[PDB]
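Engineer: Pasting a structure here, questions to come.
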Amino acid sequence: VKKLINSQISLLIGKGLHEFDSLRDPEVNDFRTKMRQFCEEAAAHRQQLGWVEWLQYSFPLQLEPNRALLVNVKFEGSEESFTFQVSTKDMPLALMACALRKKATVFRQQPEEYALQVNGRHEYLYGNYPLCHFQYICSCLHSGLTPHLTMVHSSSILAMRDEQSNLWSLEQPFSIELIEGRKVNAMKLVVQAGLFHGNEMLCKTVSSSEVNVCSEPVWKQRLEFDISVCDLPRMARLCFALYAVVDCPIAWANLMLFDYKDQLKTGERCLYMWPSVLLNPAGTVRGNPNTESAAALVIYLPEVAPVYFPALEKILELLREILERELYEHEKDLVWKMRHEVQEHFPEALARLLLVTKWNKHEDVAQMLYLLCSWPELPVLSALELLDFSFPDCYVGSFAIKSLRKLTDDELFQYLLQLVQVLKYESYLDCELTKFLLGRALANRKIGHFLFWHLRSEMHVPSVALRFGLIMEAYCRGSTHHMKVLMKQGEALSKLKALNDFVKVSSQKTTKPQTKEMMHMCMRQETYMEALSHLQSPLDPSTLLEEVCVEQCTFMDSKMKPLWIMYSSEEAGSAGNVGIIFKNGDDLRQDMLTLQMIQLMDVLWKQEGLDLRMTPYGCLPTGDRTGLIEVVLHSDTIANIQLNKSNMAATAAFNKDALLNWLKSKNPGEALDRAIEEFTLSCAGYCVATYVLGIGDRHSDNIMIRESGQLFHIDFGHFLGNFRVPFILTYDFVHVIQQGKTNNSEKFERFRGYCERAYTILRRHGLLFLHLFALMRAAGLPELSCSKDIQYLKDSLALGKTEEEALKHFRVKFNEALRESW
Ligand SMILES: Cc1ccccc1-n1c(Cn2nc(-c3ccc(O)c(F)c3)c3c(N)ncnc32)nc2cccc(C)c2c1=O
């Protein structure tokens, strides 16, 4: 059994477990055994969970951030069902009560023994919440549809559980010996070296003597640093850059001065370098795995006596306000002078005090750490700032996680993408963040699902493949069952890649109708029908993809030729008719981040009672320029609608009426008013979202509209101005908002009110967006690479202003946009 599981993990994670063994690396070895133990203990706890707790693990509640309604309810075993009138204010228990009373009369005669499953979905309604607090019940109300639910008994739930079982002394100036290299270039070589603690230099950047671009270079020279050995902090990073000159960067390499056991490193090292894009402090502290091709630098760390970093017990032994909300040197001195008052009276200003402490003086670090160990826990918002690379110390990182433990699963999920990116800043394999993420993932299967895919989707990136592979292995140890569920998804994705490659070849030699027929024949092979059917959606593990609907599958005969894959499910009814788009060839990371930020805006708006009728559809990178996008059904592009074709319900005398005519056709009679309202609200949401994020090149081919009237955007790829993008009002959109009238200030100014409300709410959470984007810098996105990009957000939310100034500013922009509109 154990051999089978090992091979299944290897295949699932995209890396052979023998490759971990072959490294013969104690740190890897230790990571693997500790984390396996941790994860297996979590699995043991899970298998004895009570049935309500199991539901909470496997099917966490989907909640929203009086009135009557029809609900259809059946029981798990039978066809017979009952359609009740209940209230949106009723609890699930009351609904389960009606259900059981009804079954008792038909079937000739305890609510608390049941949970309600949404038909055809891995989604359950349970707990003390009125029905309309559940996202599913909400969804039905706005769409019109009738909730269809299944009474599931506690013994059925337990059956699912059961089937799823598994030192201060050294004053000499720090120095190294640069021995030799083995590189490729055109000039003379120089090696620049610098010592870093995060972004901050611990002293000046001492450089090599120049040597000719011959060899196999040999230096054999001591590089002494302007810092005492007893002053090197625990997280000291040594950074090299090799380049040529008469500038031409060649390569870079970093390492920690202390190993993962706090021992100071000696003696000789061969550093396998990464090819360059001069110093890269944020770059990984692990060598380039391509040891065949990589340029290499051998260095020597001299034996300073074994020396370890002191234990905490030895460490622990050793106008303010007007500025406190970049600062001058005397201001910094005051903050450090007042550090005790900072702790006692301004605990949330911890980060500011950290940025003023002298990390290159061990005495000062001791004094900072002593305060840190008695520091009260901080709000989640503050802890997110502390995860930044500006805060490299392990005690700080440990404090940060401790304050983040109060994250709800919903919050953790909202920030998961960024927390995974922060792993790229980690210095060692076994770290507090990895343990935190793995623990949360093992306690919540939705978190487990998305953590898996965030890690899996980067296995083709050599710099993270080891770390991410090891995390995925450990996770698998803690849920054998979920591993198999994930394997099924991977098998479907393998088949989709093969199918997409086929379509790419066929469509170059034949017409779209012919290729589509070939696609269908390929899909109807038993191997494909089996691999593509009966899986949890990688986009949302609560959506079950049952039978693939071959005749509705197609492809886009342009660009990367993405696939359109439709599904149906008898058991789920209408809600089982769902689609996925598979695209191979594009980097989906930018799309994913944009969509996640818009989804976050939607949550923040709804928390203030503003529902802009957004369309937060799923986008999930799964592999190398590969991923899935959730299909929004019953929608069309603005461009297609504006073609204004004849013989259609929407055919118009003036082209400006095409979109309104289309909406009229989909929403006859009294339905038009609501659709125009959905259009207006969503238009405001997307106009604000794209303005704030600097998303340019919006046009009629990348905006879509649903038959409900809701507008949404597709195909992102440009943001934070990396095409200053103006606020955009489109004439055809103004025309719909104005109900097809030339002048309609009543409707138009309501729309302006929505924009202003949305904008002011985002500003209030400005710091959250800034902290999240700061963390996202870890991801290596070319459109989020520096301070200029963060500055874009600062400017767009006008955060340096009062609310009144910001709104005047926003108003000029909005007004300028209206003029520009034809
Ligand atoms: C559905 C449609 C109407 C009008 C013009 C184009 C499309 N459309 C679109 C338009 N589109 N794009 C997206 C989409 C959104 C974000 C992306 O990153 C992305 F790659 C695609 C999309 C979506 N999520 N839901 C519904 N429609 C969407 N996408 C296709 C993808 C694969 C295969 C096909 C045949 C299509 C396709 O026909």
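Residues in the structure tokens are named by chain (A, B, ... in the order shown) and by number from 1 within that chain; ligands are numbered from 1 in the order shown.
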Which residues are close to residue 359 (chain A), i.e. within 7 Å by only C-alpha atoms, leaving aside same-chain residues fewer than 5 positions away? Reply as number ranges by chain.

Structural biologist: A: 233, 364-365

Engineer: Using only C-alpha atoms, which residues sit within 9 Å of residue 493 (chain A) once same-chain residues fewer than 4 positions away are excluded, as a PyMOL selection string?

Structural biologist: chain A and resi 488-489+497-498+531-532+582+622+627

Engineer: I'd like the contact shell of region 267-282 of chain A - 6 Å cut-off, only C-alpha atoms, skipping same-chain residues fewer than 6 positions apart - returned as a ChimeraX atom specification.

Structural biologist: /A:241,249-253,288,294-302

Engineer: What would the file look like if the residues just selected were written as a PDB file, in the first residue's frame with N, CA, C and O atoms?

Structural biologist:
```pdb
ATOM      1  N   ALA A 241      26.783  39.093  -6.755  1.00  0.00           N
ATOM      2  CA  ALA A 241      26.475  39.321  -8.166  1.00  0.00           C
ATOM      3  C   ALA A 241      27.749  39.263  -8.987  1.00  0.00           C
ATOM      4  O   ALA A 241      28.731  39.943  -8.680  1.00  0.00           O
ATOM      5  N   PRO A 249      25.143  42.467 -16.477  1.00  0.00           N
ATOM      6  CA  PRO A 249      24.924  41.450 -15.443  1.00  0.00           C
ATOM      7  C   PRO A 249      25.032  40.035 -15.994  1.00  0.00           C
ATOM      8  O   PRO A 249      24.583  39.768 -17.113  1.00  0.00           O
ATOM      9  N   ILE A 250      25.629  39.137 -15.218  1.00  0.00           N
ATOM     10  CA  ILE A 250      25.714  37.733 -15.628  1.00  0.00           C
ATOM     11  C   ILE A 250      24.894  36.819 -14.718  1.00  0.00           C
ATOM     12  O   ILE A 250      24.016  36.108 -15.199  1.00  0.00           O
ATOM     13  N   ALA A 251      25.163  36.844 -13.411  1.00  0.00           N
ATOM     14  CA  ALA A 251      24.474  35.938 -12.478  1.00  0.00           C
ATOM     15  C   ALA A 251      24.459  36.433 -11.033  1.00  0.00           C
ATOM     16  O   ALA A 251      25.155  37.391 -10.687  1.00  0.00           O
ATOM     17  N   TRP A 252      23.649  35.778 -10.202  1.00  0.00           N
ATOM     18  CA  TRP A 252      23.519  36.120  -8.786  1.00  0.00           C
ATOM     19  C   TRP A 252      23.329  34.861  -7.939  1.00  0.00           C
ATOM     20  O   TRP A 252      22.946  33.812  -8.462  1.00  0.00           O
ATOM     21  N   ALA A 253      23.600  34.980  -6.638  1.00  0.00           N
ATOM     22  CA  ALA A 253      23.440  33.877  -5.682  1.00  0.00           C
ATOM     23  C   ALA A 253      23.438  34.398  -4.252  1.00  0.00           C
ATOM     24  O   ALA A 253      24.313  35.178  -3.886  1.00  0.00           O
ATOM     25  N   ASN A 288      20.955  27.238  -7.778  1.00  0.00           N
ATOM     26  CA  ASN A 288      20.347  26.838  -9.033  1.00  0.00           C
ATOM     27  C   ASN A 288      20.505  25.321  -9.226  1.00  0.00           C
ATOM     28  O   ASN A 288      21.623  24.822  -9.263  1.00  0.00           O
ATOM     29  N   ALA A 294      24.649  25.827 -14.932  1.00  0.00           N
ATOM     30  CA  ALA A 294      24.844  27.025 -14.111  1.00  0.00           C
ATOM     31  C   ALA A 294      26.304  27.424 -13.929  1.00  0.00           C
ATOM     32  O   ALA A 294      27.176  26.573 -13.735  1.00  0.00           O
ATOM     33  N   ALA A 295      26.553  28.727 -14.005  1.00  0.00           N
ATOM     34  CA  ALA A 295      27.815  29.296 -13.569  1.00  0.00           C
ATOM     35  C   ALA A 295      27.897  29.090 -12.061  1.00  0.00           C
ATOM     36  O   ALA A 295      26.872  29.121 -11.371  1.00  0.00           O
ATOM     37  N   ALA A 296      29.103  28.851 -11.558  1.00  0.00           N
ATOM     38  CA  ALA A 296      29.285  28.520 -10.150  1.00  0.00           C
ATOM     39  C   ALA A 296      30.401  29.340  -9.502  1.00  0.00           C
ATOM     40  O   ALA A 296      31.421  29.612 -10.125  1.00  0.00           O
ATOM     41  N   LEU A 297      30.177  29.749  -8.257  1.00  0.00           N
ATOM     42  CA  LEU A 297      31.147  30.525  -7.501  1.00  0.00           C
ATOM     43  C   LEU A 297      31.514  29.796  -6.223  1.00  0.00           C
ATOM     44  O   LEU A 297      30.659  29.574  -5.369  1.00  0.00           O
ATOM     45  N   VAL A 298      32.783  29.407  -6.097  1.00  0.00           N
ATOM     46  CA  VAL A 298      33.256  28.799  -4.855  1.00  0.00           C
ATOM     47  C   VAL A 298      33.804  29.867  -3.909  1.00  0.00           C
ATOM     48  O   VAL A 298      34.566  30.753  -4.309  1.00  0.00           O
ATOM     49  N   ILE A 299      33.387  29.776  -2.654  1.00  0.00           N
ATOM     50  CA  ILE A 299      33.778  30.736  -1.630  1.00  0.00           C
ATOM     51  C   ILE A 299      34.181  29.970  -0.373  1.00  0.00           C
ATOM     52  O   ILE A 299      33.851  28.792  -0.229  1.00  0.00           O
ATOM     53  N   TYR A 300      34.896  30.630   0.530  1.00  0.00           N
ATOM     54  CA  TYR A 300      35.265  30.005   1.787  1.00  0.00           C
ATOM     55  C   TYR A 300      34.871  30.864   2.988  1.00  0.00           C
ATOM     56  O   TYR A 300      35.269  32.029   3.093  1.00  0.00           O
ATOM     57  N   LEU A 301      34.087  30.276   3.887  1.00  0.00           N
ATOM     58  CA  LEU A 301      33.781  30.892   5.174  1.00  0.00           C
ATOM     59  C   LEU A 301      34.744  30.363   6.246  1.00  0.00           C
ATOM     60  O   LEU A 301      34.744  29.170   6.556  1.00  0.00           O
ATOM     61  N   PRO A 302      35.584  31.251   6.804  1.00  0.00           N
ATOM     62  CA  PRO A 302      36.620  30.832   7.743  1.00  0.00           C
ATOM     63  C   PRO A 302      36.057  30.373   9.090  1.00  0.00           C
ATOM     64  O   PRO A 302      35.040  30.896   9.551  1.00  0.00           O
TER      65      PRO A 302
END
```

Engineer: Do you know which residues are within 7 Å of ligand 1 using only C-alpha atoms and all ligand atoms? Can you write them as a ChimeraX atom specification?

Structural biologist: /A:554-556,562-564,581,583,588,591,617,619,629-633,635-637,640,714-716

Engineer: What's around residue 747 (chain A) at 9 Å? Count only C-alpha atoms, leave out sequence neighbours fewer than 5 positions away in its own chain, and write the answer as a list in words.

Structural biologist: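 Once the nearby chain positions are removed, what remains is residues 680, 737, 738, 739 and 752 of chain A.
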
Engineer: Give me the residues near residue 675 (chain A) as a list in words, where near means some atom within 9 Å (using only C-alpha atoms) and where sequence neighbours in that chain fewer than 4 positions away do not count.

Structural biologist: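 My list of contacting residues is residues 663, 664, 667, 671, 679, 680, 707, 708, 709 and 710 of chain A.
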
Engineer: Pull the helix (DSSP H, G or I) assignments for region 187-381 of chain A out of DSSP run on the backbone, and list those residues as number ranges by chain.

Structural biologist: A: 229-231, 312-317, 320-323, 329-337, 339-345, 347-356, 362-372, 380-381
